[PDB]
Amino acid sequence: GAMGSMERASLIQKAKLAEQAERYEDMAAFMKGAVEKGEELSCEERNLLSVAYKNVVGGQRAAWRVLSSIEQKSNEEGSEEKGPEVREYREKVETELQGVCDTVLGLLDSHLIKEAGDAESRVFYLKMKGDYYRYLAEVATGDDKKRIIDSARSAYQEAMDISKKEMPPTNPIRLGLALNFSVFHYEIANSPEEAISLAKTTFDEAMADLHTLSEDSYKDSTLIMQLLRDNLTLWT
């Protein structure tokens, strides 16, 4: 890999610079190189990895949605035939998105998840696995769509099981996992009631544990709680 000659510490340093410069593709490439050194990631390093790829795939998903909407409009009655270009370019963006998702999934499988024994790391990686299978599911239309959806579900469910056993209900990783799994239920699994029940129960159980927290922990937990409330407001 092109980062094979760069020191681990230098890749991490450069990922932080790339973040400051809003160079998320570079950030992701640096973090991929750091993962490929083979050592486990610290909390801070896991956050760099996630931020980099979230921002890269986020931009691809937004572009894919713009192009998919144009394509859908082209297939309505009365729309003038304009040739294969809209489909081709949506396919191009889609293939690039799938590539990024496959890259992330590959890092998780080789070998981040299997080396992650502490609950905080294992849950974090399994949440990522669910997230990147969810992004694959968003664009899937073929023979494998059900298996892709089930891969996302399975990863999220394993993360949920660990999180409920091992982490307090206010833990930001537990909260973020539940937020995203709830979105999976609403948007991917056609299960809005499950989505709502999960968001509500997660919010309420967190609320009941806030009394245990420092001011700084309270700030972290309540920020994600508000995202749960925001989704509940959208959905009810």
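Sequential numbering from 1, following the sequence displayed. In this text, the rigid core denotes the largest set of C-alpha atoms whose superposition between the two forms falls within 1.5 Å.
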| remark: in 9 other deposited structures of this protein, with the rigid core superposed, the stretch whose C-alphas stray more from the shown form, 205 to 213 or 54 to 62, is 205 to 213
| in 9 other deposited structures of this protein, superposed by the rigid core, which stretch departs further from the shown form in CA positions, 19 to 27 or 217 to 225? | 217 to 225
| task | Find out whether the coordinates of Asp118 are absent in at least a third of the other compared PDB entries of the same protein. | result | no
| task | Note whether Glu138 lacks coordinates in a third or more of the other compared entries that model its flanking residues. | result | no
| task | Could you settle it for me: does 79 to 87 or 104 to 112 have the higher average Cα B factor in the PDB entry? | result | 79 to 87
| request: Higher average CA B factor in the deposited record is what I'm after, so tell me if that's 65 to 73 or 166 to 174. | output: 65 to 73
| note | Split the chain's modelled residues into thirds by Cα B-factor; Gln157 lands in the lowest
| query | For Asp131, does the deposited CA B-factor place it in the lowest, middle or highest third of the chain? | reply | lowest
| note | Among the modelled residues of its chain, the C-alpha B-factor of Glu44 falls in the third labelled middle
| query | Relative to the other modelled residues in the chain, which third contains the C-alpha temperature factor of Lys200: lowest, middle or highest? | reply | highest
| note | For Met207, the third of its chain by CA B-factor is the middle
